[PDB]
Structures are given as C-alpha cells and as structure tokens.
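**Student:** Experimental structure below, sequence on top.
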Amino acid sequence: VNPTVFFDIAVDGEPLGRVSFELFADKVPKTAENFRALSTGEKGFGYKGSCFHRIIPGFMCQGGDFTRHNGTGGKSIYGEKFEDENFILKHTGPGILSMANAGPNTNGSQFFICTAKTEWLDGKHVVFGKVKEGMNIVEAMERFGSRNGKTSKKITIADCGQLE
C-alpha cells in the first residue's frame with residue numbers, strides 16, 4: 001500500500017540514474033503525503049528541476065529547496081511549515097529519508113537522504129521513507145559532495161513522480 005516515488009538524477013545535465021523511495025504512509029501519513037505530492041507535482045509545484053544543494057560524504061544528501069535552491073526556501077503542500085508528525089521511526093542506517101527543519105514543528109519541503117547511521121537525529125527529525133532501489137546512485141551522488149557540503153557539479157532532479 002505504501003507509495004513508491006522516483007527521482008531521475010542528473011549531473012550537470014547528464015543523466016546519472018534513478019532512485020526510488022518507499023514512503024511510510026502507514027506510519028507517517030501527513031509527512032509521506034507531502035513528499036509524494038511534491039514528487040508528482042500534482043498541486044502545481046514540487047521537486048522537478050530542483051537541486052541537491054548540500055552533500056556531505058559519509059553523512060547525507062540534502063535537497064528539496066525548490067524556491068531558493070540553497071537551503072533557505074521550500075514549502076509544504078500544507079502551507080509554509082507543518083508540525084512534526086511523530087518520531088516512530090529512527091535513523092538506522094544509509095538510505096533513510098528524513099525531514100530537514102529549523103526547530104520544532106518547522107517542516108517544509110527540504111529532506112535529506114542519510115548515507116550513514118545518524119542516531120543523534122532521532123526524535124528531532126521525522127523519518128518518513130527509505131531508498132528502495134538505486135542506493136548505488138545515491139552513493140554516486142556522494143562523490144560530488146565535499147566536507148562543507150558544497151557540490152562540485154550541479155545535482156538536479158531532472159524528473160520525478162510516482163511509480164506505485
């Protein structure tokens with residue numbers, strides 16, 4: 001029943017590969033629905049064409065700022081911010097999909113893909129999905145990151161949507 005969405009990733013316009021995510025709508029429905037709708041664009045705005053603005057190898061890939069492209073923008077389908085839904089799920093290893101925020105109850109559209117176990121984020125960021133296919137593409141994206149998070153090449157979501 002849990003939806004699966006995909007991103008097609010491009011490096012400097014050149015196709016890199018596809019990553020698919022399972023969204024845990026069974027446990028975090030409001031959070032999962034936000035990501036799903038932003039991935040299909042069905043509300044008229046969303047992730048297509050946006051970049052991953054912060055990539056720290058051995059830590060995570062961060063994206064979802066489709067309004068200022070640098071970590072200061074984004075918005076949810078529910079308004080500018082929405083609440084922390086729950087902290088049922090934990091940051092247990094690579095492939096976890098979790099919400100970025102600016103403090104309690106500040107979720108918008110930014111998210112990060114963990115490329116390591118990040119237990120210190122438990123109870124502070126809402127985990128809502130995991131990589132299903134293409135973890136190897138995430139590992140490839142990592143090689144364009146750096147210690148301070150700046151990317152050497154532009155990593156963009158060339159296309160995205162729902163598979164199931």
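**Tutor:** Arrived safely, thanks for sending. Numbers count the residues shown, from 1 in each chain.
**Student:** Against residue 143, how distant is residue 131?
**Tutor:** 17 Å (Cβ to Cβ, to the nearest Å). (Each C-beta comes from the backbone N, C-alpha and C, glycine too.)
**Student:** Looking at these two, which is more packed in?
**Tutor:** With other Cβ atoms under 10 Å as the criterion, residue 131 and residue 143 differ in neighbour count, and residue 131 comes out ahead with 20 against 11.
**Student:** excluding its backbone neighbours, what's nearest that one?
**Tutor:** The shortest distance from residue 131 to any residue other than its chain neighbours is 3.8 Å, reached at residue 95 (Cβ to Cβ, 6 or more residues apart in numbering).
**Student:** Report how many residues lie close to the one you found.
**Tutor:** 18.
**Student:** Surely it and residue 136 touch.
**Tutor:** No. Residue 95 sits out of contact with residue 136 when judged by Cβ atoms under 8 Å, with a separation of 11.0 Å.
**Student:** Surely residue 58 is in contact with residue 115?
**Tutor:** Yes. Using Cβ under 8 Å, residue 58 is in contact with residue 115, at 6.5 Å.
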